[PDB]
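Enquirer: start20.csv is the file, holding CSV, N, CA and C atoms:
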```csv
chain,number,residue,atom,x,y,z
D,1,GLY,N,14.0,-17.9,-4.1
D,1,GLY,CA,14.5,-17.3,-2.8
D,1,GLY,C,15.9,-16.8,-3.0
D,2,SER,N,16.7,-16.8,-1.8
D,2,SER,CA,18.1,-16.4,-1.8
D,2,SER,C,19.0,-17.6,-2.1
D,3,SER,N,19.6,-17.6,-3.3
D,3,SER,CA,20.5,-18.7,-3.7
D,3,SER,C,21.8,-18.6,-3.0
D,4,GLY,N,22.7,-19.6,-3.2
D,4,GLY,CA,24.0,-19.5,-2.6
D,4,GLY,C,23.9,-19.7,-1.1
D,5,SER,N,25.0,-19.4,-0.4
D,5,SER,CA,25.1,-19.5,1.0
D,5,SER,C,24.4,-18.3,1.7
D,6,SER,N,23.3,-18.6,2.4
D,6,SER,CA,22.6,-17.5,3.1
D,6,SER,C,22.6,-17.7,4.6
D,7,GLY,N,23.7,-17.2,5.3
D,7,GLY,CA,23.8,-17.3,6.7
D,7,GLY,C,23.7,-16.0,7.4
D,8,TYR,N,22.6,-15.3,7.4
D,8,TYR,CA,22.4,-14.1,8.0
D,8,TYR,C,22.2,-14.2,9.5
D,9,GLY,N,21.2,-15.0,9.9
D,9,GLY,CA,20.9,-15.2,11.3
D,9,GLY,C,19.5,-15.0,11.6
D,10,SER,N,19.0,-15.6,12.7
D,10,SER,CA,17.6,-15.5,13.1
D,10,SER,C,17.5,-14.4,14.2
D,11,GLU,N,18.2,-13.3,14.0
D,11,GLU,CA,18.2,-12.2,14.9
D,11,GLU,C,18.6,-10.9,14.2
D,12,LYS,N,17.8,-9.9,14.4
D,12,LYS,CA,18.0,-8.6,13.8
D,12,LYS,C,17.2,-7.5,14.5
D,13,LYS,N,17.9,-6.4,14.8
D,13,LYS,CA,17.2,-5.2,15.5
D,13,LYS,C,17.5,-3.9,14.7
D,14,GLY,N,16.4,-3.3,14.4
D,14,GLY,CA,16.6,-2.0,13.6
D,14,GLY,C,15.2,-1.3,13.5
D,15,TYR,N,15.0,-0.7,12.4
D,15,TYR,CA,13.7,0.1,12.2
D,15,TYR,C,13.1,-0.3,10.8
D,16,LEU,N,11.8,-0.2,10.7
D,16,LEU,CA,11.1,-0.5,9.5
D,16,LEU,C,9.9,0.4,9.3
D,17,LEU,N,9.2,0.3,8.2
D,17,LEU,CA,8.0,1.1,7.9
D,17,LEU,C,6.8,0.2,7.9
D,18,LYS,N,5.7,0.7,8.3
D,18,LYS,CA,4.4,0.0,8.3
D,18,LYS,C,3.2,0.9,8.0
D,19,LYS,N,2.4,0.5,7.1
D,19,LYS,CA,1.2,1.2,6.6
D,19,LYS,C,0.4,1.6,7.8
D,20,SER,N,-0.1,2.9,7.8
D,20,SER,CA,-0.9,3.4,8.9
D,20,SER,C,-2.0,2.4,9.2
D,21,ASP,N,-2.7,2.6,10.3
D,21,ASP,CA,-3.8,1.7,10.8
D,21,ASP,C,-4.6,1.2,9.6
D,22,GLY,N,-5.1,2.1,8.8
D,22,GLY,CA,-5.9,1.8,7.6
D,22,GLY,C,-6.4,2.9,6.9
D,23,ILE,N,-7.1,3.8,7.6
D,23,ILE,CA,-7.7,5.0,7.0
D,23,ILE,C,-6.7,5.6,5.9
D,24,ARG,N,-5.5,5.7,6.2
D,24,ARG,CA,-4.5,6.2,5.3
D,24,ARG,C,-3.5,5.1,4.9
D,25,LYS,N,-2.8,5.3,3.8
D,25,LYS,CA,-1.8,4.4,3.3
D,25,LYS,C,-0.4,5.0,3.3
D,26,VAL,N,-0.2,5.8,4.4
D,26,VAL,CA,1.2,6.4,4.5
D,26,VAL,C,2.1,5.5,5.3
D,27,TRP,N,3.4,5.5,4.9
D,27,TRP,CA,4.4,4.7,5.5
D,27,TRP,C,5.1,5.4,6.7
D,28,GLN,N,5.0,4.9,7.9
D,28,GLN,CA,5.6,5.5,9.0
D,28,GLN,C,6.7,4.6,9.6
D,29,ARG,N,7.8,5.3,10.0
D,29,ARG,CA,8.9,4.6,10.6
D,29,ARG,C,8.7,4.2,12.0
D,30,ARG,N,9.0,2.9,12.3
D,30,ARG,CA,8.8,2.3,13.6
D,30,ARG,C,9.9,1.4,14.0
D,31,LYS,N,10.3,1.4,15.3
D,31,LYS,CA,11.4,0.5,15.7
D,31,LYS,C,10.9,-1.0,15.8
D,32,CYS,N,11.6,-1.8,14.9
D,32,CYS,CA,11.2,-3.2,14.8
D,32,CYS,C,12.3,-4.1,15.5
D,33,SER,N,11.9,-5.3,15.9
D,33,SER,CA,12.8,-6.2,16.5
D,33,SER,C,12.4,-7.7,16.3
D,34,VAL,N,13.4,-8.5,16.0
D,34,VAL,CA,13.1,-9.9,15.8
D,34,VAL,C,14.1,-10.8,16.6
D,35,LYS,N,13.4,-11.7,17.4
D,35,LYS,CA,14.2,-12.6,18.3
D,35,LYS,C,13.3,-13.8,18.7
D,36,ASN,N,13.9,-14.9,18.7
D,36,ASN,CA,13.2,-16.2,19.1
D,36,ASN,C,12.1,-16.4,18.1
D,37,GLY,N,12.2,-15.9,16.9
D,37,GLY,CA,11.2,-16.1,15.9
D,37,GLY,C,9.9,-15.3,16.1
D,38,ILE,N,10.1,-14.1,16.8
D,38,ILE,CA,9.0,-13.2,17.1
D,38,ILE,C,9.4,-11.8,16.7
D,39,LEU,N,8.4,-11.1,16.1
D,39,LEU,CA,8.6,-9.8,15.7
D,39,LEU,C,7.7,-8.8,16.5
D,40,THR,N,8.4,-7.9,17.3
D,40,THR,CA,7.8,-6.9,18.1
D,40,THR,C,7.7,-5.6,17.4
D,41,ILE,N,6.6,-4.8,17.7
D,41,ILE,CA,6.5,-3.5,17.1
D,41,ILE,C,6.1,-2.5,18.2
D,42,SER,N,7.0,-1.5,18.4
D,42,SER,CA,6.8,-0.5,19.4
D,42,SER,C,5.7,0.5,19.0
D,43,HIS,N,5.1,1.1,19.9
D,43,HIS,CA,4.0,2.1,19.6
D,43,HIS,C,4.6,3.5,19.6
D,44,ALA,N,3.9,4.4,18.9
D,44,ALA,CA,4.3,5.8,18.8
D,44,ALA,C,3.2,6.8,19.3
D,45,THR,N,2.0,6.4,19.1
D,45,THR,CA,0.8,7.2,19.5
D,45,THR,C,0.4,6.9,20.9
D,46,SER,N,0.7,5.7,21.4
D,46,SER,CA,0.4,5.4,22.8
D,46,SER,C,1.5,4.5,23.4
D,47,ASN,N,2.3,5.1,24.3
D,47,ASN,CA,3.3,4.4,24.9
D,47,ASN,C,2.8,3.5,26.0
D,48,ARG,N,2.1,2.4,25.7
D,48,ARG,CA,1.5,1.5,26.6
D,48,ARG,C,2.2,0.1,26.5
D,49,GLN,N,2.1,-0.5,25.4
D,49,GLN,CA,2.7,-1.8,25.2
D,49,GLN,C,2.9,-2.1,23.7
D,50,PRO,N,4.0,-2.8,23.4
D,50,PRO,CA,4.4,-3.1,22.0
D,50,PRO,C,3.5,-4.2,21.4
D,51,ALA,N,3.7,-4.6,20.2
D,51,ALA,CA,2.9,-5.6,19.5
D,51,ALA,C,3.8,-6.7,19.0
D,52,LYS,N,3.7,-7.9,19.5
D,52,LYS,CA,4.5,-9.1,19.1
D,52,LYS,C,3.8,-9.9,18.0
D,53,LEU,N,4.5,-10.4,17.1
D,53,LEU,CA,3.9,-11.2,16.0
D,53,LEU,C,4.7,-12.4,15.7
D,54,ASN,N,4.0,-13.6,16.0
D,54,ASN,CA,4.7,-14.9,15.8
D,54,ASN,C,4.9,-15.2,14.3
D,55,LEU,N,6.2,-15.3,14.0
D,55,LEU,CA,6.6,-15.6,12.6
D,55,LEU,C,6.3,-17.0,12.2
D,56,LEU,N,6.2,-17.9,13.3
D,56,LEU,CA,5.9,-19.3,13.0
D,56,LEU,C,4.5,-19.5,12.4
D,57,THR,N,3.6,-18.6,12.7
D,57,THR,CA,2.2,-18.7,12.2
D,57,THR,C,2.0,-17.7,11.1
D,58,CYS,N,2.8,-16.6,11.1
D,58,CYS,CA,2.7,-15.5,10.1
D,58,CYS,C,3.4,-16.0,8.8
D,59,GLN,N,3.1,-15.3,7.7
D,59,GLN,CA,3.7,-15.7,6.4
D,59,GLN,C,4.3,-14.5,5.8
D,60,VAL,N,5.6,-14.5,5.6
D,60,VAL,CA,6.4,-13.4,5.0
D,60,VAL,C,6.3,-13.5,3.5
D,61,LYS,N,5.6,-12.6,2.9
D,61,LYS,CA,5.5,-12.5,1.4
D,61,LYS,C,6.3,-11.4,0.8
D,62,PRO,N,7.6,-11.7,0.5
D,62,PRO,CA,8.5,-10.7,-0.1
D,62,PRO,C,8.1,-10.3,-1.5
D,63,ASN,N,8.0,-9.0,-1.8
D,63,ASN,CA,7.7,-8.5,-3.1
D,63,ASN,C,8.3,-9.4,-4.2
D,64,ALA,N,7.7,-9.3,-5.4
D,64,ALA,CA,8.2,-10.1,-6.5
D,64,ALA,C,9.2,-9.2,-7.3
D,65,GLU,N,8.8,-8.0,-7.6
D,65,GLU,CA,9.6,-7.0,-8.4
D,65,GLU,C,10.0,-5.8,-7.6
D,66,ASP,N,9.0,-5.1,-7.1
D,66,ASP,CA,9.2,-3.9,-6.3
D,66,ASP,C,10.1,-4.2,-5.1
D,67,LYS,N,11.4,-4.2,-5.3
D,67,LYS,CA,12.4,-4.4,-4.3
D,67,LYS,C,12.1,-3.5,-3.0
D,68,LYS,N,12.6,-4.0,-1.9
D,68,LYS,CA,12.4,-3.2,-0.6
D,68,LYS,C,11.0,-3.2,-0.2
D,69,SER,N,10.3,-4.4,-0.2
D,69,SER,CA,8.9,-4.5,0.1
D,69,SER,C,8.6,-5.9,0.5
D,70,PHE,N,7.8,-6.1,1.6
D,70,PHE,CA,7.4,-7.4,2.1
D,70,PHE,C,6.1,-7.3,2.9
D,71,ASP,N,5.2,-8.2,2.7
D,71,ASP,CA,3.9,-8.3,3.4
D,71,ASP,C,3.9,-9.4,4.5
D,72,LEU,N,3.5,-9.0,5.7
D,72,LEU,CA,3.4,-10.0,6.7
D,72,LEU,C,2.0,-10.5,7.0
D,73,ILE,N,1.7,-11.7,6.6
D,73,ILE,CA,0.3,-12.3,6.8
D,73,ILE,C,0.2,-12.9,8.1
D,74,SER,N,-0.7,-12.4,8.9
D,74,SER,CA,-1.0,-12.9,10.3
D,74,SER,C,-2.3,-13.7,10.3
D,75,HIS,N,-2.5,-14.4,11.4
D,75,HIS,CA,-3.7,-15.1,11.6
D,75,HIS,C,-5.0,-14.3,11.2
D,76,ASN,N,-5.6,-14.6,10.1
D,76,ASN,CA,-6.8,-13.9,9.6
D,76,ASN,C,-6.5,-12.4,9.6
D,77,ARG,N,-5.3,-12.0,9.2
D,77,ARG,CA,-4.9,-10.6,9.2
D,77,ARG,C,-3.8,-10.4,8.2
D,78,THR,N,-3.7,-9.2,7.6
D,78,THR,CA,-2.6,-8.9,6.7
D,78,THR,C,-2.0,-7.5,7.1
D,79,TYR,N,-0.7,-7.5,7.1
D,79,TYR,CA,0.1,-6.3,7.5
D,79,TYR,C,0.9,-5.8,6.3
D,80,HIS,N,1.3,-4.6,6.4
D,80,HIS,CA,2.1,-4.0,5.3
D,80,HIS,C,3.4,-3.4,5.8
D,81,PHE,N,4.6,-3.9,5.4
D,81,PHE,CA,5.9,-3.4,5.8
D,81,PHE,C,6.7,-3.0,4.6
D,82,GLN,N,7.7,-2.1,4.9
D,82,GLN,CA,8.6,-1.6,3.9
D,82,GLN,C,10.0,-1.3,4.4
D,83,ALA,N,11.0,-1.7,3.8
D,83,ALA,CA,12.4,-1.5,4.2
D,83,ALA,C,12.8,-0.1,3.9
D,84,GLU,N,13.9,0.4,4.4
D,84,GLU,CA,14.4,1.7,4.1
D,84,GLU,C,15.4,1.7,3.0
D,85,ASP,N,16.2,0.7,2.9
D,85,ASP,CA,17.2,0.6,1.8
D,85,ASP,C,17.2,-0.9,1.2
D,86,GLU,N,18.0,-1.0,0.2
D,86,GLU,CA,18.1,-2.3,-0.5
D,86,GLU,C,18.8,-3.3,0.4
D,87,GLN,N,19.9,-2.9,1.1
D,87,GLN,CA,20.6,-3.8,1.9
D,87,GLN,C,19.8,-4.2,3.1
D,88,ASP,N,19.0,-3.2,3.7
D,88,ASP,CA,18.2,-3.5,4.9
D,88,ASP,C,17.1,-4.6,4.5
D,89,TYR,N,16.5,-4.4,3.4
D,89,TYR,CA,15.5,-5.3,2.9
D,89,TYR,C,16.0,-6.7,2.8
D,90,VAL,N,17.0,-6.9,1.8
D,90,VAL,CA,17.6,-8.2,1.6
D,90,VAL,C,17.8,-9.0,2.9
D,91,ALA,N,18.4,-8.3,3.9
D,91,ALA,CA,18.6,-9.0,5.2
D,91,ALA,C,17.3,-9.3,5.9
D,92,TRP,N,16.5,-8.3,6.1
D,92,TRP,CA,15.3,-8.5,6.8
D,92,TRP,C,14.6,-9.7,6.3
D,93,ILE,N,14.3,-9.8,5.0
D,93,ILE,CA,13.6,-11.0,4.4
D,93,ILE,C,14.4,-12.3,4.8
D,94,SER,N,15.7,-12.2,4.7
D,94,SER,CA,16.5,-13.4,5.0
D,94,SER,C,16.3,-13.8,6.5
D,95,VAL,N,16.2,-12.8,7.4
D,95,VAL,CA,16.0,-13.1,8.8
D,95,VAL,C,14.6,-13.6,9.1
D,96,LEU,N,13.6,-12.7,8.9
D,96,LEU,CA,12.2,-13.0,9.2
D,96,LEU,C,11.9,-14.5,8.8
D,97,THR,N,12.3,-14.8,7.5
D,97,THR,CA,12.1,-16.2,7.0
D,97,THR,C,12.9,-17.2,7.8
D,98,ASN,N,14.2,-16.9,7.9
D,98,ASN,CA,15.1,-17.8,8.7
D,98,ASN,C,14.6,-18.1,10.1
D,99,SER,N,14.5,-17.0,10.9
D,99,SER,CA,14.0,-17.2,12.2
D,99,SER,C,12.8,-18.1,12.3
D,100,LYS,N,11.9,-18.0,11.3
D,100,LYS,CA,10.7,-18.8,11.3
D,100,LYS,C,11.1,-20.3,11.1
D,101,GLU,N,11.8,-20.6,10.0
D,101,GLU,CA,12.3,-22.0,9.8
D,101,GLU,C,13.2,-22.5,10.9
D,102,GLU,N,14.3,-21.8,11.1
D,102,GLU,CA,15.2,-22.2,12.2
D,102,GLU,C,14.5,-22.6,13.4
D,103,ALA,N,13.3,-22.1,13.6
D,103,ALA,CA,12.4,-22.3,14.8
D,103,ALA,C,11.5,-23.5,14.5
D,104,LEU,N,11.1,-23.7,13.3
D,104,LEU,CA,10.2,-24.8,12.9
D,104,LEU,C,11.0,-26.1,12.8
D,105,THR,N,12.1,-26.1,12.2
D,105,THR,CA,12.9,-27.3,12.1
D,105,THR,C,13.2,-27.9,13.4
D,106,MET,N,13.4,-27.1,14.4
D,106,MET,CA,13.6,-27.5,15.8
D,106,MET,C,12.3,-27.8,16.5
D,107,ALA,N,11.2,-27.5,15.9
D,107,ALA,CA,9.9,-27.7,16.5
D,107,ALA,C,9.3,-29.0,16.0
D,108,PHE,N,8.2,-29.4,16.7
D,108,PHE,CA,7.5,-30.6,16.3
D,108,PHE,C,6.7,-30.4,15.1
D,109,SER,N,6.6,-31.4,14.2
D,109,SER,CA,5.9,-31.4,13.0
D,109,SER,C,4.4,-31.8,13.2
D,110,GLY,N,4.3,-33.0,13.9
D,110,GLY,CA,2.9,-33.5,14.1
D,110,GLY,C,2.8,-34.1,15.5
D,111,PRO,N,1.7,-34.0,16.1
D,111,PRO,CA,1.4,-34.6,17.4
D,111,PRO,C,1.3,-36.1,17.4
D,112,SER,N,1.8,-36.8,18.4
D,112,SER,CA,1.8,-38.3,18.5
D,112,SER,C,1.6,-38.7,19.9
D,113,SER,N,0.4,-39.3,20.2
D,113,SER,CA,0.2,-39.8,21.6
D,113,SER,C,1.4,-40.6,22.1
D,114,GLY,N,2.0,-40.1,23.1
D,114,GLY,CA,3.2,-40.7,23.7
D,114,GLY,C,4.1,-41.3,22.7
```
Have the structure of the file written as structure tokens, please.
Expert:
Amino acid sequence: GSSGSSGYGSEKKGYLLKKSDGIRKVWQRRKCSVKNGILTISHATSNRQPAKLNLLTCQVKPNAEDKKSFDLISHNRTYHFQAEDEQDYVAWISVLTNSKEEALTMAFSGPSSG
């Protein structure tokens, strides 16, 4: 992961790329947002309602070599995201992951009757 001091923050607002529905594998730019450990995705084809994604349950799989790339694994679902620049990616990954942990560490690990 990110060695040294990594204090980016569990909050970031900008834009990212996401693979089309499925039929096509084209990367489209969309306004992304991360807050309270949640990732929202605005629509472009239908201005009805955005799409929130819980990072607590999702799994951020940052590319191994192909920099500026990360896959978001959701409940029985897999998404495809891509950063715009190297600086944007580095941060994004740091956040997405951070927001998740920073939220888990403060959350309960296991249930215990009273």
Enquirer: Can you work out which one of D:58, D:23, D:98, D:51 has the shortest atom-to-atom distance to residue D:71, counting all atoms listed in the file?
Expert: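 Looking only at the distances to residue D:71, the closest residue turns out to be D:58.
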Enquirer: Can you measure atom CA of residue D:109 to atom CA of residue D:89 for me? One decimal in Å is fine.
Expert: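 Result for atom CA of residue D:109 versus atom CA of residue D:89: 29.6 Å, one decimal.
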Enquirer: Work out how far atom CA of residue D:13 is from atom CA of residue D:69, in Å to one decimal.
Expert: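 Those two atoms sit 17.5 Å apart.
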Enquirer: For atom C of residue D:84 and atom C of residue D:60, quote the distance in Å rounded to one decimal.
Expert: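 Spanning atom C of residue D:84 to atom C of residue D:60 is a straight-line distance of 17.7 Å.
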Enquirer: Write out as a PyMOL selection string each polymer residue whose atoms come within 8 Å of residue D:57, counting all atoms listed in the file; drop sequence neighbours fewer than 6 positions from it.
Expert: chain D and resi 37+73-75+100
Enquirer: Hey, what does DSSP flag as strand (DSSP E) within chain D? Can you give it to me as a VMD selection string?
Expert: chain D and resid 12 to 19 27 to 35 38 to 41 51 to 54 59 to 62 70 to 74 77 to 82
Enquirer: Show me as a list in words the residues that reach within 6.5 Å of (4.9, 3.6, 15.3), counting only N, CA and C atoms and using the file's own coordinates.
Expert: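 Result, sorted by chain then residue number: residues 28, 29, 30, 31, 42, 43, 44 and 45 of chain D.
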Enquirer: Neighbouring residues of residue D:62 were defined as those with any atom within 10 Å, considering only C-alpha atoms; residues of the same chain fewer than 6 positions away were excluded. Please report them as an MDAnalysis selection string.
Expert: chainID D and resid 1 68:72 81:82 89:90 92:94 97
Enquirer: Using DSSP assignments from the backbone, pull out every residue in chain D that falls under helix (DSSP H, G or I) and give it to me as a PyMOL selection string.
Expert: chain D and resi 86-104
Enquirer: Could those selected residues go to a file with N, CA and C atoms, as a compact mmCIF listing (two decimals), keeping the file's coordinate frame?
Expert:
```txt
# COMPACT_ATOMS: atom_id res chain seq x y z
N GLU D 86 18.00 -1.00 0.20
CA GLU D 86 18.10 -2.30 -0.50
C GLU D 86 18.80 -3.30 0.40
N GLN D 87 19.90 -2.90 1.10
CA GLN D 87 20.60 -3.80 1.90
C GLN D 87 19.80 -4.20 3.10
N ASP D 88 19.00 -3.20 3.70
CA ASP D 88 18.20 -3.50 4.90
C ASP D 88 17.10 -4.60 4.50
N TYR D 89 16.50 -4.40 3.40
CA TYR D 89 15.50 -5.30 2.90
C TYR D 89 16.00 -6.70 2.80
N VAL D 90 17.00 -6.90 1.80
CA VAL D 90 17.60 -8.20 1.60
C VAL D 90 17.80 -9.00 2.90
N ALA D 91 18.40 -8.30 3.90
CA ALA D 91 18.60 -9.00 5.20
C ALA D 91 17.30 -9.30 5.90
N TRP D 92 16.50 -8.30 6.10
CA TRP D 92 15.30 -8.50 6.80
C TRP D 92 14.60 -9.70 6.30
N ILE D 93 14.30 -9.80 5.00
CA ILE D 93 13.60 -11.00 4.40
C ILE D 93 14.40 -12.30 4.80
N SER D 94 15.70 -12.20 4.70
CA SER D 94 16.50 -13.40 5.00
C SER D 94 16.30 -13.80 6.50
N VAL D 95 16.20 -12.80 7.40
CA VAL D 95 16.00 -13.10 8.80
C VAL D 95 14.60 -13.60 9.10
N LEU D 96 13.60 -12.70 8.90
CA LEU D 96 12.20 -13.00 9.20
C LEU D 96 11.90 -14.50 8.80
N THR D 97 12.30 -14.80 7.50
CA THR D 97 12.10 -16.20 7.00
C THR D 97 12.90 -17.20 7.80
N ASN D 98 14.20 -16.90 7.90
CA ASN D 98 15.10 -17.80 8.70
C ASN D 98 14.60 -18.10 10.10
N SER D 99 14.50 -17.00 10.90
CA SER D 99 14.00 -17.20 12.20
C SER D 99 12.80 -18.10 12.30
N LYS D 100 11.90 -18.00 11.30
CA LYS D 100 10.70 -18.80 11.30
C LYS D 100 11.10 -20.30 11.10
N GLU D 101 11.80 -20.60 10.00
CA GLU D 101 12.30 -22.00 9.80
C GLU D 101 13.20 -22.50 10.90
N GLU D 102 14.30 -21.80 11.10
CA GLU D 102 15.20 -22.20 12.20
C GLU D 102 14.50 -22.60 13.40
N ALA D 103 13.30 -22.10 13.60
CA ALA D 103 12.40 -22.30 14.80
C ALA D 103 11.50 -23.50 14.50
N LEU D 104 11.10 -23.70 13.30
CA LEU D 104 10.20 -24.80 12.90
C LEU D 104 11.00 -26.10 12.80
```
Enquirer: Return stretch 7-23 of chain D, completed with N, CA, C and O atoms, as a PDB file, in the frame of the given file.
Expert:
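Result went into out_6.pdb, see below:
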```
ATOM      1  N   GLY D   7      23.700 -17.200   5.300  1.00  0.00           N
ATOM      2  CA  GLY D   7      23.800 -17.300   6.700  1.00  0.00           C
ATOM      3  C   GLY D   7      23.700 -16.000   7.400  1.00  0.00           C
ATOM      4  O   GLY D   7      24.723 -15.567   8.027  1.00  0.00           O
ATOM      5  N   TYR D   8      22.600 -15.300   7.400  1.00  0.00           N
ATOM      6  CA  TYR D   8      22.400 -14.100   8.000  1.00  0.00           C
ATOM      7  C   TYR D   8      22.200 -14.200   9.500  1.00  0.00           C
ATOM      8  O   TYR D   8      22.956 -13.652  10.301  1.00  0.00           O
ATOM      9  N   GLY D   9      21.200 -15.000   9.900  1.00  0.00           N
ATOM     10  CA  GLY D   9      20.900 -15.200  11.300  1.00  0.00           C
ATOM     11  C   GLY D   9      19.500 -15.000  11.600  1.00  0.00           C
ATOM     12  O   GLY D   9      18.763 -14.212  10.961  1.00  0.00           O
ATOM     13  N   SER D  10      19.000 -15.600  12.700  1.00  0.00           N
ATOM     14  CA  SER D  10      17.600 -15.500  13.100  1.00  0.00           C
ATOM     15  C   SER D  10      17.500 -14.400  14.200  1.00  0.00           C
ATOM     16  O   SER D  10      16.673 -14.542  15.105  1.00  0.00           O
ATOM     17  N   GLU D  11      18.200 -13.300  14.000  1.00  0.00           N
ATOM     18  CA  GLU D  11      18.200 -12.200  14.900  1.00  0.00           C
ATOM     19  C   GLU D  11      18.600 -10.900  14.200  1.00  0.00           C
ATOM     20  O   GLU D  11      19.583 -10.854  13.539  1.00  0.00           O
ATOM     21  N   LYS D  12      17.800  -9.900  14.400  1.00  0.00           N
ATOM     22  CA  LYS D  12      18.000  -8.600  13.800  1.00  0.00           C
ATOM     23  C   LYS D  12      17.200  -7.500  14.500  1.00  0.00           C
ATOM     24  O   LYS D  12      16.041  -7.656  14.827  1.00  0.00           O
ATOM     25  N   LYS D  13      17.900  -6.400  14.800  1.00  0.00           N
ATOM     26  CA  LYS D  13      17.200  -5.200  15.500  1.00  0.00           C
ATOM     27  C   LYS D  13      17.500  -3.900  14.700  1.00  0.00           C
ATOM     28  O   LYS D  13      18.646  -3.568  14.493  1.00  0.00           O
ATOM     29  N   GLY D  14      16.400  -3.300  14.400  1.00  0.00           N
ATOM     30  CA  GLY D  14      16.600  -2.000  13.600  1.00  0.00           C
ATOM     31  C   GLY D  14      15.200  -1.300  13.500  1.00  0.00           C
ATOM     32  O   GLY D  14      14.489  -1.181  14.507  1.00  0.00           O
ATOM     33  N   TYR D  15      15.000  -0.700  12.400  1.00  0.00           N
ATOM     34  CA  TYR D  15      13.700   0.100  12.200  1.00  0.00           C
ATOM     35  C   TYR D  15      13.100  -0.300  10.800  1.00  0.00           C
ATOM     36  O   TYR D  15      13.846  -0.512   9.822  1.00  0.00           O
ATOM     37  N   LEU D  16      11.800  -0.200  10.700  1.00  0.00           N
ATOM     38  CA  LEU D  16      11.100  -0.500   9.500  1.00  0.00           C
ATOM     39  C   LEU D  16       9.900   0.400   9.300  1.00  0.00           C
ATOM     40  O   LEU D  16       9.521   1.110  10.251  1.00  0.00           O
ATOM     41  N   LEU D  17       9.200   0.300   8.200  1.00  0.00           N
ATOM     42  CA  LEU D  17       8.000   1.100   7.900  1.00  0.00           C
ATOM     43  C   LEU D  17       6.800   0.200   7.900  1.00  0.00           C
ATOM     44  O   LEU D  17       6.829  -0.946   7.403  1.00  0.00           O
ATOM     45  N   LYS D  18       5.700   0.700   8.300  1.00  0.00           N
ATOM     46  CA  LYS D  18       4.400   0.000   8.300  1.00  0.00           C
ATOM     47  C   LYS D  18       3.200   0.900   8.000  1.00  0.00           C
ATOM     48  O   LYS D  18       3.126   2.036   8.488  1.00  0.00           O
ATOM     49  N   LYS D  19       2.400   0.500   7.100  1.00  0.00           N
ATOM     50  CA  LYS D  19       1.200   1.200   6.600  1.00  0.00           C
ATOM     51  C   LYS D  19       0.400   1.600   7.800  1.00  0.00           C
ATOM     52  O   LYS D  19       0.091   0.808   8.699  1.00  0.00           O
ATOM     53  N   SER D  20      -0.100   2.900   7.800  1.00  0.00           N
ATOM     54  CA  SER D  20      -0.900   3.400   8.900  1.00  0.00           C
ATOM     55  C   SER D  20      -2.000   2.400   9.200  1.00  0.00           C
ATOM     56  O   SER D  20      -2.260   1.413   8.503  1.00  0.00           O
ATOM     57  N   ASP D  21      -2.700   2.600  10.300  1.00  0.00           N
ATOM     58  CA  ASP D  21      -3.800   1.700  10.800  1.00  0.00           C
ATOM     59  C   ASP D  21      -4.600   1.200   9.600  1.00  0.00           C
ATOM     60  O   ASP D  21      -4.718   0.008   9.387  1.00  0.00           O
ATOM     61  N   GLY D  22      -5.100   2.100   8.800  1.00  0.00           N
ATOM     62  CA  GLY D  22      -5.900   1.800   7.600  1.00  0.00           C
ATOM     63  C   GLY D  22      -6.400   2.900   6.900  1.00  0.00           C
ATOM     64  O   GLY D  22      -6.255   3.053   5.644  1.00  0.00           O
ATOM     65  N   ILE D  23      -7.100   3.800   7.600  1.00  0.00           N
ATOM     66  CA  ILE D  23      -7.700   5.000   7.000  1.00  0.00           C
ATOM     67  C   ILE D  23      -6.700   5.600   5.900  1.00  0.00           C
ATOM     68  O   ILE D  23      -7.169   5.987   4.809  1.00  0.00           O
TER      69      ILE D  23
END
```
